[PDB]
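**Q** Here you go, this is protein.cif (mmCIF, C-alpha atoms).
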```cif
data_data
loop_
_atom_site.label_atom_id
_atom_site.label_comp_id
_atom_site.auth_asym_id
_atom_site.auth_seq_id
_atom_site.Cartn_x
_atom_site.Cartn_y
_atom_site.Cartn_z
CA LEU A 68 -190.61 222.32 -137.29
CA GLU A 69 -188.97 224.98 -139.44
CA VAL A 70 -190.89 224.88 -142.66
CA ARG A 71 -189.31 226.92 -145.35
CA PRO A 72 -190.44 226.76 -148.98
CA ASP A 73 -187.01 225.28 -149.88
CA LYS A 74 -186.14 223.49 -146.60
CA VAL A 75 -187.57 221.62 -143.56
CA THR A 76 -185.69 221.75 -140.26
CA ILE A 77 -186.65 219.34 -137.48
CA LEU A 78 -185.45 220.47 -134.11
CA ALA A 79 -185.30 217.59 -131.74
CA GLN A 80 -184.15 217.26 -128.18
CA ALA A 81 -183.52 213.61 -129.03
CA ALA A 82 -183.69 212.02 -132.45
CA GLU A 83 -182.49 208.64 -133.66
CA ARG A 84 -183.16 207.03 -137.04
CA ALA A 85 -185.41 204.51 -135.48
CA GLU A 86 -188.12 202.15 -136.42
CA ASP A 87 -191.85 202.70 -136.52
CA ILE A 88 -191.74 202.22 -132.79
CA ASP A 89 -190.93 205.03 -130.56
CA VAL A 90 -190.34 202.74 -127.50
CA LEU A 91 -186.89 202.56 -129.13
CA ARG A 92 -185.66 206.23 -128.95
CA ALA A 93 -186.24 205.42 -125.29
CA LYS A 94 -184.16 202.27 -125.89
CA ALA A 95 -181.40 204.52 -127.17
CA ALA A 96 -182.14 206.96 -124.33
CA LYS A 97 -181.61 203.83 -122.24
CA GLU A 98 -178.51 202.03 -123.49
CA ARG A 99 -176.93 205.45 -123.50
CA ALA A 100 -178.00 206.50 -119.99
CA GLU A 101 -176.03 204.39 -117.55
CA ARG A 102 -173.50 203.83 -120.24
CA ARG A 103 -172.84 207.50 -119.60
CA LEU A 104 -172.77 206.98 -115.82
CA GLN A 105 -170.28 204.16 -116.41
CA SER A 106 -167.99 207.10 -117.14
CA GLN A 107 -166.73 207.01 -113.56
CA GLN A 108 -163.28 206.61 -115.26
CA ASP A 109 -163.57 210.33 -115.90
CA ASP A 110 -163.75 210.78 -112.11
CA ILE A 111 -161.33 207.93 -111.22
CA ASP A 112 -158.35 208.92 -113.31
CA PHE A 113 -158.41 212.36 -111.75
CA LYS A 114 -158.51 210.60 -108.41
CA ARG A 115 -155.37 208.67 -109.32
CA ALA A 116 -153.95 211.91 -110.54
CA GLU A 117 -154.90 213.98 -107.46
CA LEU A 118 -153.33 210.98 -105.80
CA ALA A 119 -149.98 211.10 -107.48
CA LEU A 120 -149.91 214.87 -107.07
CA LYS A 121 -150.24 214.37 -103.33
CA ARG A 122 -147.73 211.51 -103.18
CA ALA A 123 -144.91 213.48 -104.75
CA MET A 124 -145.84 216.20 -102.49
CA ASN A 125 -145.86 213.77 -99.59
CA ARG A 126 -142.06 213.69 -99.28
CA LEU A 127 -142.78 217.38 -98.64
CA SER A 128 -140.92 218.05 -101.81
CA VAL A 129 -139.23 220.65 -99.66
CA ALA A 130 -138.05 219.82 -96.06
CA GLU A 131 -137.70 223.28 -94.47
CA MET A 132 -136.66 224.08 -98.04
CA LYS A 133 -132.94 223.18 -98.51
CA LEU B 233 -116.33 178.40 -92.52
CA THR B 234 -113.57 175.88 -91.98
CA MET B 235 -115.97 173.62 -90.18
CA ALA B 236 -118.22 173.74 -93.24
CA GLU B 237 -115.52 172.99 -95.79
CA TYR B 238 -114.80 169.76 -93.97
CA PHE B 239 -118.07 168.05 -94.84
CA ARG B 240 -117.63 169.13 -98.47
CA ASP B 241 -114.06 168.29 -99.26
CA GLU B 242 -113.85 165.24 -96.97
CA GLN B 243 -117.43 163.93 -97.08
CA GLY B 244 -118.73 165.18 -100.49
CA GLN B 245 -121.74 166.85 -98.88
CA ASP B 246 -123.58 169.99 -99.93
CA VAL B 247 -123.48 172.06 -96.79
CA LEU B 248 -125.10 175.37 -95.84
CA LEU B 249 -123.01 178.06 -94.13
CA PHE B 250 -125.10 180.79 -92.50
CA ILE B 251 -123.35 184.02 -91.70
CA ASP B 252 -125.47 186.35 -89.65
CA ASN B 253 -124.29 189.87 -90.42
CA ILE B 254 -121.27 189.40 -92.66
CA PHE B 255 -121.11 193.21 -92.48
CA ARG B 256 -119.43 193.06 -89.10
CA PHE B 257 -116.63 191.14 -90.85
CA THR B 258 -115.66 194.00 -93.15
CA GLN B 259 -116.54 196.53 -90.48
CA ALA B 260 -114.32 195.08 -87.76
CA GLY B 261 -111.77 194.99 -90.56
CA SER B 262 -111.42 198.72 -91.05
CA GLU B 263 -111.34 199.28 -87.34
CA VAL B 264 -108.09 197.45 -87.02
CA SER B 265 -106.71 198.51 -90.34
CA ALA B 266 -106.19 201.85 -88.59
CA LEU B 267 -104.16 200.30 -85.72
CA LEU B 268 -102.19 198.21 -88.20
CA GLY B 269 -101.35 201.44 -90.02
CA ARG B 270 -103.05 200.99 -93.38
CA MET B 271 -104.07 204.26 -95.19
CA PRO B 272 -107.78 205.17 -94.98
CA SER B 273 -109.77 204.34 -98.12
CA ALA B 274 -113.24 205.28 -99.44
CA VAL B 275 -115.28 206.10 -96.30
CA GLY B 276 -112.51 205.09 -93.83
CA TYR B 277 -112.78 201.46 -94.97
CA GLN B 278 -109.59 199.41 -95.05
CA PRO B 279 -107.89 199.75 -98.45
CA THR B 280 -107.66 195.96 -98.42
CA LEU B 281 -111.46 195.70 -98.23
CA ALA B 282 -112.42 194.16 -101.53
CA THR B 283 -109.60 191.66 -101.28
CA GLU B 284 -110.39 190.55 -97.69
CA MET B 285 -114.02 189.92 -98.70
CA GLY B 286 -112.89 187.99 -101.80
CA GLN B 287 -110.58 185.50 -100.12
CA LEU B 288 -113.44 184.97 -97.69
CA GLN B 289 -116.17 184.44 -100.29
CA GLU B 290 -114.29 182.62 -103.00
CA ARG B 291 -113.89 179.84 -100.45
CA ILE B 292 -117.62 179.21 -100.70
CA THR B 293 -118.51 177.29 -103.93
CA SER B 294 -119.10 173.79 -105.30
CA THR B 295 -115.94 171.87 -106.08
CA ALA B 296 -115.84 168.61 -108.00
CA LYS B 297 -116.80 166.70 -104.82
CA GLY B 298 -119.17 168.69 -102.62
CA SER B 299 -120.46 172.27 -102.32
CA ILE B 300 -121.18 175.09 -99.87
CA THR B 301 -124.08 177.45 -100.31
CA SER B 302 -124.25 180.39 -97.92
CA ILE B 303 -127.03 182.54 -96.54
CA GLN B 304 -125.67 185.90 -95.41
CA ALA B 305 -127.72 188.56 -93.68
CA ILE B 306 -126.63 192.05 -94.71
CA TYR B 307 -127.26 195.15 -92.64
CA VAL B 308 -126.70 198.03 -95.03
CA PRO B 309 -125.25 201.22 -93.48
CA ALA B 310 -128.49 203.20 -92.98
CA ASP B 311 -130.49 201.77 -95.87
CA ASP B 312 -127.83 203.02 -98.25
CA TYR B 313 -126.86 200.61 -100.97
CA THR B 314 -123.81 202.56 -102.16
CA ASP B 315 -121.60 202.03 -99.05
CA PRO B 316 -118.38 200.21 -99.70
CA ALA B 317 -119.29 197.41 -97.28
CA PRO B 318 -122.58 196.32 -98.83
CA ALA B 319 -121.40 197.16 -102.34
CA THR B 320 -118.48 194.79 -102.04
CA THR B 321 -120.72 191.96 -100.74
CA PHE B 322 -123.40 192.21 -103.42
CA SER B 323 -120.69 191.59 -105.92
CA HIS B 324 -120.59 188.03 -104.51
CA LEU B 325 -124.37 187.60 -104.06
CA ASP B 326 -126.18 185.20 -106.45
CA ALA B 327 -129.70 185.88 -105.20
CA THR B 328 -131.59 187.90 -102.64
CA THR B 329 -134.27 186.71 -100.24
CA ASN B 330 -136.33 189.59 -98.84
CA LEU B 331 -138.47 189.03 -95.73
CA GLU B 332 -141.20 191.62 -95.48
CA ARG B 333 -143.00 192.63 -92.26
CA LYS B 334 -146.15 192.84 -94.32
CA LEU B 335 -146.73 189.26 -95.61
CA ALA B 336 -146.47 187.89 -92.05
CA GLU B 337 -149.24 190.17 -90.78
CA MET B 338 -151.42 188.86 -93.58
CA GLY B 339 -150.53 185.37 -92.36
CA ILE B 340 -148.37 184.45 -95.35
CA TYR B 341 -145.48 182.48 -93.93
CA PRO B 342 -142.85 182.40 -95.13
CA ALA B 343 -142.84 186.23 -95.10
CA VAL B 344 -140.61 186.34 -98.21
CA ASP B 345 -141.63 189.24 -100.49
CA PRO B 346 -142.57 187.50 -103.80
CA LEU B 347 -141.52 190.55 -105.84
CA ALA B 348 -138.38 191.84 -104.09
CA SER B 349 -136.69 188.40 -103.72
CA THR B 350 -134.71 187.91 -106.90
CA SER B 351 -132.43 185.18 -108.13
CA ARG B 352 -129.78 184.80 -110.75
CA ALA B 353 -130.83 181.23 -111.56
CA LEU B 354 -134.37 182.35 -112.53
CA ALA B 355 -133.52 182.20 -116.23
CA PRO B 356 -134.85 179.66 -118.71
CA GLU B 357 -131.22 178.82 -119.37
CA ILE B 358 -130.91 177.59 -115.79
CA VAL B 359 -134.51 176.38 -115.07
CA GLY B 360 -136.08 176.00 -118.54
CA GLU B 361 -139.30 177.70 -119.64
CA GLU B 362 -141.94 175.99 -117.51
CA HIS B 363 -140.35 177.14 -114.27
CA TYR B 364 -139.46 180.56 -115.76
CA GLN B 365 -142.64 181.08 -117.70
CA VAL B 366 -144.57 180.19 -114.57
CA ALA B 367 -142.32 182.12 -112.23
CA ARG B 368 -142.24 185.49 -114.04
CA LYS B 369 -146.01 185.08 -114.55
CA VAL B 370 -146.77 184.44 -110.90
CA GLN B 371 -144.95 187.73 -110.23
CA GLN B 372 -146.70 189.79 -112.88
CA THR B 373 -150.16 188.77 -111.75
CA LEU B 374 -148.98 189.74 -108.29
CA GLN B 375 -147.95 193.20 -109.51
CA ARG B 376 -151.41 193.86 -110.80
CA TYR B 377 -153.03 192.96 -107.46
CA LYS B 378 -150.51 195.34 -105.92
CA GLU B 379 -151.12 198.45 -108.01
CA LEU B 380 -154.85 197.90 -107.91
CA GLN B 381 -154.73 198.04 -104.13
CA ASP B 382 -155.10 201.84 -104.31
CA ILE B 383 -158.25 201.58 -106.39
CA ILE B 384 -159.72 198.87 -104.22
CA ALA B 385 -159.60 201.40 -101.40
CA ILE B 386 -161.34 203.88 -103.65
CA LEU B 387 -163.91 202.10 -105.82
CA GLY B 388 -164.52 199.14 -103.50
CA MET B 389 -164.70 195.76 -105.26
CA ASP B 390 -167.39 197.02 -107.65
CA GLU B 391 -165.58 198.06 -110.73
CA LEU B 392 -162.34 196.79 -111.93
CA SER B 393 -162.66 196.20 -115.68
CA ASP B 394 -164.10 192.77 -114.69
CA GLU B 395 -160.65 191.29 -115.39
CA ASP B 396 -158.80 193.03 -112.62
CA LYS B 397 -161.15 190.95 -110.45
CA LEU B 398 -160.08 187.70 -112.09
CA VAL B 399 -156.52 188.77 -111.27
CA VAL B 400 -157.29 189.71 -107.64
CA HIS B 401 -158.86 186.25 -107.47
CA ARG B 402 -155.90 184.35 -108.69
CA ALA B 403 -153.48 186.80 -107.12
CA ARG B 404 -154.73 186.03 -103.61
CA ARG B 405 -154.87 182.27 -104.19
CA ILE B 406 -151.38 182.59 -105.51
CA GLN B 407 -149.78 184.79 -102.85
CA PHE B 408 -151.64 182.67 -100.34
CA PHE B 409 -150.39 179.40 -101.82
CA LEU B 410 -146.93 180.96 -101.33
CA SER B 411 -147.11 179.99 -97.66
CA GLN B 412 -146.23 176.54 -96.37
CA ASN B 413 -146.25 173.92 -93.60
CA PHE B 414 -142.90 174.33 -91.95
CA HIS B 415 -141.17 171.39 -90.37
CA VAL B 416 -140.01 173.65 -87.59
CA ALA B 417 -143.56 174.84 -87.08
CA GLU B 418 -144.95 171.45 -85.97
CA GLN B 419 -143.94 172.40 -82.40
CA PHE B 420 -146.71 175.01 -81.89
CA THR B 421 -149.13 174.05 -84.68
CA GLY B 422 -149.08 170.29 -85.09
CA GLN B 423 -149.26 170.25 -88.87
CA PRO B 424 -146.50 167.83 -89.95
CA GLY B 425 -144.96 170.11 -92.59
CA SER B 426 -144.02 169.67 -96.24
CA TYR B 427 -141.15 169.53 -98.70
CA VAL B 428 -142.69 170.54 -102.01
CA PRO B 429 -140.24 170.15 -104.88
CA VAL B 430 -139.63 172.73 -107.57
CA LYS B 431 -141.36 170.39 -110.01
CA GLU B 432 -144.47 169.99 -107.86
CA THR B 433 -144.35 173.71 -107.01
CA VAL B 434 -144.30 174.79 -110.65
CA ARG B 435 -147.20 172.55 -111.50
CA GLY B 436 -149.32 173.99 -108.68
CA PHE B 437 -148.97 177.63 -109.66
CA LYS B 438 -149.15 176.53 -113.28
CA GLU B 439 -152.72 175.30 -112.69
CA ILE B 440 -153.66 178.06 -110.24
CA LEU B 441 -152.63 180.38 -113.08
CA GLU B 442 -154.77 178.46 -115.56
CA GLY B 443 -157.55 179.24 -113.04
CA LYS B 444 -158.55 175.64 -112.54
CA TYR B 445 -158.83 176.38 -108.86
CA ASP B 446 -160.79 179.64 -109.02
CA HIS B 447 -163.67 177.98 -107.13
CA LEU B 448 -161.82 177.04 -103.87
CA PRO B 449 -162.08 179.50 -100.95
CA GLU B 450 -158.99 181.59 -100.28
CA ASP B 451 -158.10 180.03 -96.96
CA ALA B 452 -157.65 176.63 -98.67
CA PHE B 453 -154.31 177.41 -100.39
CA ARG B 454 -153.28 179.14 -97.18
CA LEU B 455 -150.51 177.19 -95.38
CA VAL B 456 -150.28 173.92 -97.29
CA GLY B 457 -148.07 171.60 -99.41
CA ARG B 458 -148.36 170.42 -103.04
CA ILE B 459 -151.45 171.50 -105.01
CA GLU B 460 -153.21 168.30 -103.85
CA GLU B 461 -153.02 169.40 -100.17
CA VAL B 462 -155.13 172.38 -101.20
CA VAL B 463 -157.70 169.94 -102.59
CA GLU B 464 -158.05 167.95 -99.33
CA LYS B 465 -157.90 171.26 -97.37
CA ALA B 466 -160.87 172.12 -99.62
CA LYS B 467 -163.37 169.27 -99.48
CA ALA B 468 -162.50 169.83 -95.84
CA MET B 469 -164.31 173.10 -96.56
CA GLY B 470 -167.15 171.12 -98.13
CA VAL B 471 -166.54 171.28 -101.90
CA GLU B 472 -167.31 168.53 -104.43
#
```
Before anything else, please render the file you have as structure tokens.
**A**
Amino acid sequence: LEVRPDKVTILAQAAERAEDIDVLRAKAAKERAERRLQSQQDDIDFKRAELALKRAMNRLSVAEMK
Amino acid sequence: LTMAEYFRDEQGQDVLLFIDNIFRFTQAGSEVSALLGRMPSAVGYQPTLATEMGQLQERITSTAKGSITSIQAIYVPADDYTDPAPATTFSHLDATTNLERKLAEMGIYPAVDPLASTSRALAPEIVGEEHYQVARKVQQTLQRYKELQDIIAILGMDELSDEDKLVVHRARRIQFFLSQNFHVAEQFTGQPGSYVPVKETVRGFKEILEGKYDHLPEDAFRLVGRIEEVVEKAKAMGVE
């Protein structure tokens, strides 16, 4: 808590305008958790990309040069 | 050819003239052309080439009375589609039936590639929407299941946007229902065989596309007749 005569700063690792209950910020710490793991797409595009990059290189884009 | 024309002109029949490797026709042609003394043309081919092929092909059509439809097998000159020989032939082709060495392995007979085989008469002008609409659809859904193959071999069957699954469901049932009981297969199989009409065929994929079959195990649509034969094939599995 930064208490200044003219201002109050609340540092929070995690803060969500939430109800009386706390066992919500956990709820938000929940519905956000795996819904951040679900971000395999991040990984999987790059796969498909590292894929294409090694399929245009498959034809050995140079056969003994030429 | 001449033997075929008979049953058309004389007997009004719609005949089928199969020419295995019509390439040898135009090939053998150039060979001689040299001994005759004709001047070499594009790629050594007889300068008469196009014309020889024409007077041969134009003889195959449907007159007032009968008709002759031909299935030619074309060996392209080293998988090169720009060679005079093939080029010239394609100019007479009205559709292309591709047999892939892949679909057979998977047990889909006939082994006709559902994407590569094209046809000129596949337009709503010549079949109407319901055939067309269904047809082009049955292909598209098949294209999805194709492209996804890579991913399947990466992410397993766990994640595909939970739609891509629905496609891979129908896609299989569909490319599986693209097999058939062949009359000339009764010899080693015993299944009698089927002649499913275009009308019955369109209805079957229509419904399979509406997903009204999504509950019948793959192997049910696999080597059958009309959509009903998939039903009986099914309760034969044990479904209500």
**Q** Check what the PyMOL selection byres ((chain B and resi 278) around 9) selects in the file above and give those residues as a list in words.
**A**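 Given this file, the PyMOL selection byres ((chain B and resi 278) around 9) evaluates to residues 258, 259, 261, 262, 263, 264, 265, 266, 270, 271, 272, 273, 274, 275, 276, 277, 279, 280, 281 and 282 of chain B.
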**Q** Taking only C-alpha atoms into account and nothing else, which residues of chain A lie no more than 9 Å away from chain B? Please answer as number ranges by chain.
**A** A: 111, 114-115
**Q** When you look at residue 83 (chain A) with a cut-off of 9 Å (counting only C-alpha atoms), what residues show up, excluding the ones that are within fewer than 4 positions of it in the same chain? I need them as a PyMOL selection string.
**A** chain A and resi 91-92+95
**Q** Can you translate the PyMOL selection byres ((chain B and resi 405) around 8) into the concrete residues it hits in this file, as a ChimeraX atom specification?
**A** /B:401-404,406-409,440,450,453-454
**Q** Write the residues you've just listed into a file as a PDB file, keeping the file's coordinate frame, and include C-alpha atoms for each of them.
**A**
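Contents of the output file part.pdb:
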```pdb
ATOM      1  CA  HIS B 401    -158.860 186.250-107.470  1.00  0.00           C
ATOM      2  CA  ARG B 402    -155.900 184.350-108.690  1.00  0.00           C
ATOM      3  CA  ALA B 403    -153.480 186.800-107.120  1.00  0.00           C
ATOM      4  CA  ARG B 404    -154.730 186.030-103.610  1.00  0.00           C
ATOM      5  CA  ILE B 406    -151.380 182.590-105.510  1.00  0.00           C
ATOM      6  CA  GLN B 407    -149.780 184.790-102.850  1.00  0.00           C
ATOM      7  CA  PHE B 408    -151.640 182.670-100.340  1.00  0.00           C
ATOM      8  CA  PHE B 409    -150.390 179.400-101.820  1.00  0.00           C
ATOM      9  CA  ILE B 440    -153.660 178.060-110.240  1.00  0.00           C
ATOM     10  CA  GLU B 450    -158.990 181.590-100.280  1.00  0.00           C
ATOM     11  CA  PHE B 453    -154.310 177.410-100.390  1.00  0.00           C
ATOM     12  CA  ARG B 454    -153.280 179.140 -97.180  1.00  0.00           C
TER      13      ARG B 454
END
```
**Q** Would you mind reading off the distance between CA of residue 385 (chain B) and CA of residue 123 (chain A), one decimal, in Å?
**A**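 Between CA of residue 385 (chain B) and CA of residue 123 (chain A) the gap works out to 19.3 Å.
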**Q** For a test of reading the model, state the distance in Å between CA of residue 331 (chain B) and CA of residue 345 (chain B), rounded to one decimal.
**A** 5.7 Å
**Q** Which of these residues is nearest to residue 432 (chain B), using all atoms listed in the file: B:368, B:334, B:458, B:378?
**A**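 Of B:368, B:334, B:458, B:378, the one nearest residue 432 (chain B) is B:458, counting all atoms listed in the file.
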**Q** Do you have the CA of residue 434 (chain B)-CA of residue 370 (chain B) distance handy?
**A** 10.0 Å
**Q** For residue 328 (chain B), list every protein, DNA or RNA residue within 7 Å, evaluated using all atoms listed in the file, and leave out those in the same chain fewer than 2 positions away; present the list as a list in words.
**A** residues 330, 349, 350 and 351 of chain B
**Q** List the residues matched by the PyMOL selection byres ((chain B and resi 445) around 10) in the displayed structure as a PyMOL selection string, ordered by chain and then by residue number.
**A** chain B and resi 401-402+405+436-437+439-444+446-449+453+459+462-463
**Q** Reconstruct region 342-375 of chain B at the level of N, CA and C atoms, and format the result as a PDB file, in the frame of the given file.
**A**
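Contents of out-v1.pdb, as written:
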```pdb
ATOM      1  N   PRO B 342    -143.883 181.407 -95.467  1.00  0.00           N
ATOM      2  CA  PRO B 342    -142.850 182.400 -95.130  1.00  0.00           C
ATOM      3  C   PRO B 342    -143.149 183.814 -95.640  1.00  0.00           C
ATOM      4  N   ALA B 343    -142.603 184.795 -94.919  1.00  0.00           N
ATOM      5  CA  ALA B 343    -142.840 186.230 -95.100  1.00  0.00           C
ATOM      6  C   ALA B 343    -141.928 186.822 -96.190  1.00  0.00           C
ATOM      7  N   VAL B 344    -141.420 185.945 -97.056  1.00  0.00           N
ATOM      8  CA  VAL B 344    -140.610 186.340 -98.210  1.00  0.00           C
ATOM      9  C   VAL B 344    -141.394 187.129 -99.285  1.00  0.00           C
ATOM     10  N   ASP B 345    -140.963 188.360 -99.537  1.00  0.00           N
ATOM     11  CA  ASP B 345    -141.630 189.240-100.490  1.00  0.00           C
ATOM     12  C   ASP B 345    -141.439 188.662-101.871  1.00  0.00           C
ATOM     13  N   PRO B 346    -142.538 188.246-102.525  1.00  0.00           N
ATOM     14  CA  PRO B 346    -142.570 187.500-103.800  1.00  0.00           C
ATOM     15  C   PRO B 346    -142.087 188.292-105.019  1.00  0.00           C
ATOM     16  N   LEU B 347    -141.967 189.600-104.821  1.00  0.00           N
ATOM     17  CA  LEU B 347    -141.520 190.550-105.840  1.00  0.00           C
ATOM     18  C   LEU B 347    -140.064 190.990-105.678  1.00  0.00           C
ATOM     19  N   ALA B 348    -139.741 191.474-104.475  1.00  0.00           N
ATOM     20  CA  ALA B 348    -138.380 191.840-104.090  1.00  0.00           C
ATOM     21  C   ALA B 348    -137.325 190.699-104.125  1.00  0.00           C
ATOM     22  N   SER B 349    -137.665 189.500-103.655  1.00  0.00           N
ATOM     23  CA  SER B 349    -136.690 188.400-103.720  1.00  0.00           C
ATOM     24  C   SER B 349    -136.353 188.073-105.181  1.00  0.00           C
ATOM     25  N   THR B 350    -135.085 188.201-105.537  1.00  0.00           N
ATOM     26  CA  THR B 350    -134.710 187.910-106.900  1.00  0.00           C
ATOM     27  C   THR B 350    -133.763 186.737-106.895  1.00  0.00           C
ATOM     28  N   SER B 351    -133.425 186.231-108.066  1.00  0.00           N
ATOM     29  CA  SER B 351    -132.430 185.180-108.130  1.00  0.00           C
ATOM     30  C   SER B 351    -131.760 185.200-109.471  1.00  0.00           C
ATOM     31  N   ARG B 352    -130.506 184.791-109.505  1.00  0.00           N
ATOM     32  CA  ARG B 352    -129.780 184.800-110.750  1.00  0.00           C
ATOM     33  C   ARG B 352    -130.249 183.608-111.572  1.00  0.00           C
ATOM     34  N   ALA B 353    -130.606 182.518-110.900  1.00  0.00           N
ATOM     35  CA  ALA B 353    -130.830 181.230-111.560  1.00  0.00           C
ATOM     36  C   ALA B 353    -132.262 181.083-112.087  1.00  0.00           C
ATOM     37  N   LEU B 354    -132.967 182.209-112.092  1.00  0.00           N
ATOM     38  CA  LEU B 354    -134.370 182.350-112.530  1.00  0.00           C
ATOM     39  C   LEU B 354    -134.500 182.530-114.035  1.00  0.00           C
ATOM     40  N   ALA B 355    -133.495 182.077-114.776  1.00  0.00           N
ATOM     41  CA  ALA B 355    -133.520 182.200-116.230  1.00  0.00           C
ATOM     42  C   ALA B 355    -133.824 180.852-116.861  1.00  0.00           C
ATOM     43  N   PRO B 356    -134.442 180.891-118.041  1.00  0.00           N
ATOM     44  CA  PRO B 356    -134.850 179.660-118.710  1.00  0.00           C
ATOM     45  C   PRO B 356    -133.606 178.872-119.003  1.00  0.00           C
ATOM     46  N   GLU B 357    -132.459 179.539-119.090  1.00  0.00           N
ATOM     47  CA  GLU B 357    -131.220 178.820-119.370  1.00  0.00           C
ATOM     48  C   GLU B 357    -130.870 177.891-118.203  1.00  0.00           C
ATOM     49  N   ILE B 358    -131.210 178.340-117.002  1.00  0.00           N
ATOM     50  CA  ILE B 358    -130.910 177.590-115.790  1.00  0.00           C
ATOM     51  C   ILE B 358    -132.062 176.782-115.152  1.00  0.00           C
ATOM     52  N   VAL B 359    -133.313 177.183-115.406  1.00  0.00           N
ATOM     53  CA  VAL B 359    -134.510 176.380-115.070  1.00  0.00           C
ATOM     54  C   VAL B 359    -135.435 175.872-116.205  1.00  0.00           C
ATOM     55  N   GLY B 360    -135.165 176.275-117.443  1.00  0.00           N
ATOM     56  CA  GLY B 360    -136.080 176.000-118.540  1.00  0.00           C
ATOM     57  C   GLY B 360    -137.316 176.877-118.506  1.00  0.00           C
ATOM     58  N   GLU B 361    -138.111 176.850-119.575  1.00  0.00           N
ATOM     59  CA  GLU B 361    -139.300 177.700-119.640  1.00  0.00           C
ATOM     60  C   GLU B 361    -140.310 177.447-118.528  1.00  0.00           C
ATOM     61  N   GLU B 362    -140.764 176.205-118.359  1.00  0.00           N
ATOM     62  CA  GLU B 362    -141.940 175.990-117.510  1.00  0.00           C
ATOM     63  C   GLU B 362    -141.809 176.569-116.103  1.00  0.00           C
ATOM     64  N   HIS B 363    -140.612 176.492-115.542  1.00  0.00           N
ATOM     65  CA  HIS B 363    -140.350 177.140-114.270  1.00  0.00           C
ATOM     66  C   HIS B 363    -140.367 178.672-114.477  1.00  0.00           C
ATOM     67  N   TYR B 364    -139.575 179.140-115.443  1.00  0.00           N
ATOM     68  CA  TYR B 364    -139.460 180.560-115.760  1.00  0.00           C
ATOM     69  C   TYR B 364    -140.802 181.137-116.132  1.00  0.00           C
ATOM     70  N   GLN B 365    -141.348 180.619-117.224  1.00  0.00           N
ATOM     71  CA  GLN B 365    -142.640 181.080-117.700  1.00  0.00           C
ATOM     72  C   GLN B 365    -143.598 181.197-116.523  1.00  0.00           C
ATOM     73  N   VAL B 366    -143.685 180.144-115.714  1.00  0.00           N
ATOM     74  CA  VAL B 366    -144.570 180.190-114.570  1.00  0.00           C
ATOM     75  C   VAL B 366    -144.131 181.251-113.608  1.00  0.00           C
ATOM     76  N   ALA B 367    -142.876 181.170-113.189  1.00  0.00           N
ATOM     77  CA  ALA B 367    -142.320 182.120-112.230  1.00  0.00           C
ATOM     78  C   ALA B 367    -142.620 183.594-112.573  1.00  0.00           C
ATOM     79  N   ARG B 368    -142.064 184.083-113.682  1.00  0.00           N
ATOM     80  CA  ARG B 368    -142.240 185.490-114.040  1.00  0.00           C
ATOM     81  C   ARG B 368    -143.750 185.821-114.106  1.00  0.00           C
ATOM     82  N   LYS B 369    -144.573 184.844-114.482  1.00  0.00           N
ATOM     83  CA  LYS B 369    -146.010 185.080-114.550  1.00  0.00           C
ATOM     84  C   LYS B 369    -146.562 185.296-113.167  1.00  0.00           C
ATOM     85  N   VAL B 370    -146.285 184.358-112.275  1.00  0.00           N
ATOM     86  CA  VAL B 370    -146.770 184.440-110.900  1.00  0.00           C
ATOM     87  C   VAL B 370    -146.419 185.787-110.261  1.00  0.00           C
ATOM     88  N   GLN B 371    -145.334 186.410-110.726  1.00  0.00           N
ATOM     89  CA  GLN B 371    -144.950 187.730-110.230  1.00  0.00           C
ATOM     90  C   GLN B 371    -145.842 188.786-110.835  1.00  0.00           C
ATOM     91  N   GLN B 372    -145.944 188.772-112.160  1.00  0.00           N
ATOM     92  CA  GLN B 372    -146.700 189.790-112.880  1.00  0.00           C
ATOM     93  C   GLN B 372    -148.094 189.904-112.292  1.00  0.00           C
ATOM     94  N   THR B 373    -148.803 188.784-112.275  1.00  0.00           N
ATOM     95  CA  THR B 373    -150.160 188.770-111.750  1.00  0.00           C
ATOM     96  C   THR B 373    -150.163 189.381-110.341  1.00  0.00           C
ATOM     97  N   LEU B 374    -149.048 189.243-109.643  1.00  0.00           N
ATOM     98  CA  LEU B 374    -148.980 189.740-108.290  1.00  0.00           C
ATOM     99  C   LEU B 374    -148.809 191.249-108.308  1.00  0.00           C
ATOM    100  N   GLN B 375    -148.224 191.767-109.384  1.00  0.00           N
ATOM    101  CA  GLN B 375    -147.950 193.200-109.510  1.00  0.00           C
ATOM    102  C   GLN B 375    -149.254 193.930-109.759  1.00  0.00           C
TER     103      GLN B 375
END
```
